[PDB]
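Questions regarding the structure given below will be posed in turn.
By letter and in written order, the chains are A, B, C, D and E; residue numbering begins at 1 in each of them.
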Amino acid sequence: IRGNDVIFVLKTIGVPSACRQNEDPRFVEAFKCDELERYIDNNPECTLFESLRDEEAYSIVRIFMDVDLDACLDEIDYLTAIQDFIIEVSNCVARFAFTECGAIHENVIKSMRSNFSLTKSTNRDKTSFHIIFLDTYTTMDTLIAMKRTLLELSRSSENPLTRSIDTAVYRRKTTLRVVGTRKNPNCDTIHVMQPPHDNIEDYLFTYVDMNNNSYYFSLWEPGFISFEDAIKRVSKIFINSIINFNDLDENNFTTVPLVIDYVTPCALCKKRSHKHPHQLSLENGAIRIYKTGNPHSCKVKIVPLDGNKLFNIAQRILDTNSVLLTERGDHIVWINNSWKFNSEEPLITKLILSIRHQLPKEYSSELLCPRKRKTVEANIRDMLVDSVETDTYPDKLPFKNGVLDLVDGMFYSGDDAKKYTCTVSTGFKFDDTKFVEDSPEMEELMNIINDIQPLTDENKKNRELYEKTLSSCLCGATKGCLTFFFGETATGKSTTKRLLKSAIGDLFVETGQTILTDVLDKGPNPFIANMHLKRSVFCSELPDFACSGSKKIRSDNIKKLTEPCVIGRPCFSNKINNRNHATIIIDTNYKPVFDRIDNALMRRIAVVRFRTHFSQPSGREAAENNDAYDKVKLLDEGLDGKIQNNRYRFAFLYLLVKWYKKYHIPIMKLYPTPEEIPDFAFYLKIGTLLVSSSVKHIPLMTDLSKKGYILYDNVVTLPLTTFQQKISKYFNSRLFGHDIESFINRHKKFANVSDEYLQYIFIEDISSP
Amino acid sequence: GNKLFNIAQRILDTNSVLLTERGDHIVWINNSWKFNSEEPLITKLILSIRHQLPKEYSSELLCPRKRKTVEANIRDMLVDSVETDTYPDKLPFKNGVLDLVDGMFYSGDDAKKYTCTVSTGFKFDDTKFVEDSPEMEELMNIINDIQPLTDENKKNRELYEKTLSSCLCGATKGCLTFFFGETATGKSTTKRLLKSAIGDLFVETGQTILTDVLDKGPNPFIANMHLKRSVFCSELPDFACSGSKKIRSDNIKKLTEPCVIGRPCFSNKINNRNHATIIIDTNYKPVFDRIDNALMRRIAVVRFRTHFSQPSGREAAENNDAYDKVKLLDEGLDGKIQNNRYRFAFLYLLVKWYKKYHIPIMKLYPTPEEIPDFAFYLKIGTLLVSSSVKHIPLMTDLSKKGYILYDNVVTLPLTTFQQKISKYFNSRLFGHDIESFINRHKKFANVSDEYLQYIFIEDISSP
Amino acid sequence: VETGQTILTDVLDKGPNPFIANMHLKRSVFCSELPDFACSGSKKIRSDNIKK
Amino acid sequence: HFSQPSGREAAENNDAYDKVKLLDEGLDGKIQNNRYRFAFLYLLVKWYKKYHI
Amino acid sequence: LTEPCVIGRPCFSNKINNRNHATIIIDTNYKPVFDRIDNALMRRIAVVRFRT
């Protein structure tokens, strides 16, 4: 809504609703930056509060909090406290935004932690301030919802600043004090600004200046603890007996000073003795222990009265969005700049141990006992209810140390890569130095590629399709066609398989022929179960069926593999569905033959040609005489070893990325080539030469009758003997009699005359006069 | 005392955990009965219902040991079992239940009463269940193209609507329907329309149970089709093959019972519930191993006429025998339907047809007139009549027509009966059927005489 | 309880047989849709199966 | 036989039947809802006493 | 069997992939007879003869 730049101000607290509606200038005002500054300057002792003029259109506000701690802290304690407070509050708000407002935890963290205005009250007995997050915007109903979780965080933390969060001022018509202005006419203390923020729009929670680095999102109690245990905790922290004992009741808790015999130095500040004795106060369900008189002689102490420490630790670990539950009931953790999941060995305890550095020291020491880490893991599993979607951005290449942007070539490492929840990684680290164009390895790889597929004019299209198929493996989406690497021996299909394996790493799996032969549903099929979020799978050495004795590759499997999802379950699992981002590549020396052929199969089969031979010098002319190759090149033997050494990995990766960039016109697809595999040629020629019967061709019987055709009940039918006599001049029986009878029975209708009749006419006959 | 026992009693009072007749538990978290046995959800539920508890009780549920103790108490207190989803007129969506009687959808505790485990797998939105939409108008045009509203295609349209709408009812269906067409006549179009519509309650498969023997087998499909409201059987392999297996009438009858007998893969369960509307889409004419009166009662046929042709193939496809209308293709139609745009509009259309055809029952009625061999089998009965007492007094007067008398019963010799019937059907096509009828209704008394207790209707009619 | 036709057609001992195993202490057993012998090559009911 | 009123005459001439009645469309649902459970149980017990002296 | 990776897992162990560092030798009294003969298979078979 482009925000607002007018500041609405009330003067006196408790102004009437009638006065607010009438907008009487005696109390109601509206200014801009310069007008506000001039008003504050000219009128020094005027009260100034900020509110919302409209809750129906300008509900957009910033993220703000109020903290007031009734104690004095020195500089170092103040700095560590504010650091911990910022981290905890930003994590809590980001987790709430992610889990309720549908926002993104990482941009929320970035916007809240980039900059903030932090004032300081001129009063010296206490530490109070307002904090404004400039670049985070949301509606007021969002704060309405945030109230509960912010109160829970306030109640469940030891930090004085976080514990002293004012959970009010999150209501309707909420009014915030204006900086530099007294709250009461009879008081003098005010709030003053702190560097590097010096202007006045930096401290107003309604002023909106949305820019690039911005983000917006939208949608003694008897139950605390036994009093004896509370006093026991106080004494146990004191580490010394108390002179005034058995006289402090529940009623005189906040009145009677406490006196300590200084046998051991006061553990709060290690000082040998204190002039004035120590006293207790009850704030927000915690006992604050302080010393009267000197504000810096003793460090203030916090004793909680409720909650569970190992539950607070688990909540703090959970609200960093580093453990998540997927739609398949598996827990993914963010360790070492990657998303990892392992059903065999859960990694939650590893995450708990590793994440202790991003937690306050009080919670840090508890995460060293394996028993307590197991307790925290048990808490986390119970809190993780509901699931989240993963791997939804098909433009990113996930490396073990980050994410490479395919549309740009920019590498994101660390938290920047955390947004893209890519749960499968190549397994190795990206390297920008080795991801360069000019390199001797690059020239060697270009030589190899041009050797395997020449750039000749005849080969041009096949080489381009080679590039297309190799590039589309990088796509994280689902493609609608398979690729067959058909070629003769010693031609480089296994070499390019090894090249892709080295280039893609763990985003690559090799499976057997069971996928192409057996039923995919069946029972336990870990081969199908291994294609989860893969991008390149390989089936090698398809057992071709030139001789009878083996079940042919079934069409059902190849139709099912094209689907965006695949139905299949592993051993001892309940999930039945896995996403199909993988490109299915099968290596064979022979033409595959499918059991059932129909129309749809001409939209799924793309094959790649290999016509280059690498041979020993002895078989030079022996290979040259063969027509299986169009060129013979000498064979290099250490090339396999150096490829196994992953020497060409980054060169081939750069080449693939450039191919993807070139081929990636907005959205990309794959197209079959149903003219190379020979078993489809039968049906192609039959379709281009034979068509079914017709009813709209009824006023065209003259030429058919002149040729010799007969008419019956408006359906063209002819005997089988003359069908064979007519077809004997196009197809030979000794060639494909099995296929001939196959389609004959497929289209048999029987009836008519005294023999079977079929609904078929010849395209050549109707084409001829 | 025993705060933990009190907590367990309080939780069990809300009926959030149930024990089903499979020796397993179902829990209600996130407004859905998510049965899970591999990993229990009871501790998750215990931690979830924590703020609906007194403050002196909420603090004890933060310890995993105490949560496990409460779960053990609940497991010991359950004891009894309940029945799973029994309401047929309730469609369960991932976030509630939709009553088809008033088309009203409700979630929360109001949807807890209908203990439905199976679900569509996708959420339901209130603001897209509307009559007016670009999706609505485009879908209406598509259906009006596929099934024209002309008075010739009236009963076919009614059958299409009824069978399509029956996929929502959670009862058992007594008929198997056929989608008959020639080539690309919207078959897979309406199949993928249903897949987009319901989802996770529709199973697409080819042959298997339709072709093989159901019993004496480890076949998984029979267990797969448990509590699924729609099942499609496609790509039937042209049983007019002379070498390929036929269709079993016993298989058809097994598929048309409230309970289906099957042995999934490795377990010992042998019975499963049948709710699916089994739809079989074929181009070639199906042929059964053995047809009879009982089989003819369980088959319905829906014919597909209007076809779509590309601009280039328009002249090629504009002349077809079984075509009735020619229209144009659409390259982005399949991707667009996979974009789930027509989902809720087609749900509303299915609900409307369901309300139309429940008055107040939607029993599926067989249509045997479409199948020509069924027509031959029934015309044999219409052109004949079994011998009865009314034919006894005739005797000699009817025997003058070319018949004889056997035990005061009008009888015809087998050879003369064959000569008489040979002038109606085609011998080449119906020789096996004639042999089948002869061996199915034969009567013998001695070495020579062979009796048939049937008389032609035209012989009786003619003076 | 309801069971398939294998009870009358196939070998009772063989390997596993939950169809037979489920008849423990059941007061009534039903089998439906007898496989008409009108199809050549069909199986036959076993007299020893009846006796067992 | 229990038939619809259209094919009633077509199936009457069959010798496999001695009687023909009108098919009832509510029997399946009424049985599925366990309406006749205790009535059939009472008849079964009466027949048991009759035929097991 | 000549590829650098093989698939198979032990009992009570979720480890599937195995490396292929092996020289595969088969000692026989008879020459092997293969179902399919092609130019590719000829690149993977060698025979040593024992004649004492």
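Quick notes
In this text, a contact is a pair of C-beta atoms (placed from the backbone, for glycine too) under 8 Å apart; a residue touches a chain by one contact, two chains touch by 3 or more.
Steps from subunit C to subunit E, taking the shortest chain of touch contacts, total 3. For the pair subunit A and subunit D, the distance between C-alpha centroids works out to 62 Å.
Here the CA centre of subunit B is 27 Å from the CA centre of subunit C.
Between subunit B and subunit E, the centres computed from C-alpha atoms are 51 Å apart.
Mean C-alpha position of subunit A lies 43 Å from that of subunit E.
Counting partner chains per residue, subunit A shows two or more touched chains at no residue at all.
The full set of touching chain pairs reads A-B, A-E, B-C, B-D. Taken together, the subunit A residues at the contact with subunit E in this complex read 344, 488-490, 494, 510-512, 526, 540, 543-544, 546-547, 549, 589-590, 628, 644. Residue ranges of subunit B in contact with subunit C, taken from their complex: 214-216, 249-250, 253-254, 257, 259, 261, 263, 268-271, 289-290, 436, 439-440. Residues 221-223, 306-308, 311, 329, 375, 378-379, 382-383, 385-386, 521-523, 556, 564, 573-574, 596, 598-599, 691-697, 714-715, 745-751, 754-755, 759 of subunit A are the ones that touch subunit B when the two sit in their complex. Residues 10, 13-15, 25-26, 32 of subunit D are the ones that touch subunit B when the two sit in their complex.
Contact residues on subunit C toward subunit B in their complex (touch as defined above): 2-6, 9-10, 18-19, 21-22, 32-33, 35-36, 38-39.
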